[PDB]
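Report on the following structure.
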2 protein chains.
Amino acid sequence: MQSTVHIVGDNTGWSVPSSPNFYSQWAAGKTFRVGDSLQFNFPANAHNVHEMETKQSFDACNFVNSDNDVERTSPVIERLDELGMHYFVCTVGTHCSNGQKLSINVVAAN
Amino acid sequence: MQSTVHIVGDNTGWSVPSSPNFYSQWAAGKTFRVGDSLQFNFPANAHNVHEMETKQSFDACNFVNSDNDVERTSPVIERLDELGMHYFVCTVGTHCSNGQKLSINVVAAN
Ligand SMILES: [Cu+2]
Ligand SMILES: [Cu+2]
């Protein structure tokens, strides 16, 4: 049994959405298990993908512990290695405040 | 411009090859740039993917600084983040000595 590579936002990919609830509706339709990966597809240089530690920072789009940026190449494929809540955002400009952020709950595979 | 996700061994995937030179011929037909990723597809639980630090360890299949194992889920997708030589092996049994190892040279994207 192969693990799944989920395509964030399906055909829409990773961008600033028209409705702020876009990625949380997308995540609620899937089940994510340890071993799966998340693929973020976007036009190079326009966005990025950063994982945040805590819900508070994710909620506030506060990137003080975030990494200066650097890599904006796509696709970015992140492995889901640990159980529990994971938070990813785009740190460009106001994109996170405009809804380009995704929180998912990872469960075991067995 | 999207980065490439290369499929290690193309349709063959990641397994112990019939000829020991299999993965080095596969790697010599491609160009790998920072930002691309390598996807290793194999039957769960049968192999794994581990990156080694030095050529000497890779050459000898010496896994003394290697990580106990743990995750054998597939696919494993590794991002190529740094320039220069990268070495990956399967640490199960005698697979590395039997040719299940891959060394690639990563160049810049610009
Ligand atoms: Cu963005
Ligand atoms: Cu193996």
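Scope of the values below: all heavy atoms of this structure, side chains included, with no hydrogens, waters or symmetry mates. Every chain is numbered from 1 and lettered A, B, ... according to where its sequence line falls, protein lines coming before strand lines.
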Check: Going only through I, L, V, M, F, W and Y residues with side-chain contacts under 4.5 Å, is there a path from B:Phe58 to B:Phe63?
Finding: yes
Next item on the list: Indicate if A:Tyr87 and A:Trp26 have the same hydrophobic cluster label, given that clusters are the connected sets of ILVMFWY residues with side-chain heavy-atom separations under 4.5 angstrom.
Entry: no
Next item on the list: Please indicate whether A:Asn68 has more than 12 foreign heavy atoms, meaning atoms of other residues, nucleotides or ligands, lying under 6.0 Å from its CG.
Entry: yes
Next item on the list: Please flag which part of B:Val76 lies under 4.5 Å from any non-hydrogen atom of chain A: side chain, backbone, both or neither.
Entry: both
Next item on the list: Specify the closest pair of heavy atoms between B:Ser3 and A:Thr73, including all atoms of both residues, with the distance to one decimal.
Entry: OG-CB, 3.7 Å
Item checked: Nearest heavy-atom neighbours spanning A:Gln2 and B:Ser74 -> NE2-OG, 2.8 Å
Note to self: Applying a strict under-4.5 Å side-chain criterion to I, L, V, M, F, W and Y, I'd like to know whether A:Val16 and A:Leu38 cluster together.
What the structure shows: no
Check: Would A:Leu83 and A:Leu102 show up in the same hydrophobic cluster when neighbours are defined by side-chain heavy atoms closer than 4.5 Å?
Finding: yes
Note to self: To the closest 0.5 Å, what do you measure between CD1 (B:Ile77) and CD (A:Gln39)?
What the structure shows: 7.5 Å
Notebook entry, point to check: What is the minimum heavy-atom distance between A:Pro75 and B:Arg79, and which atoms define it?
Noted result: O-NH2, 2.9 Å
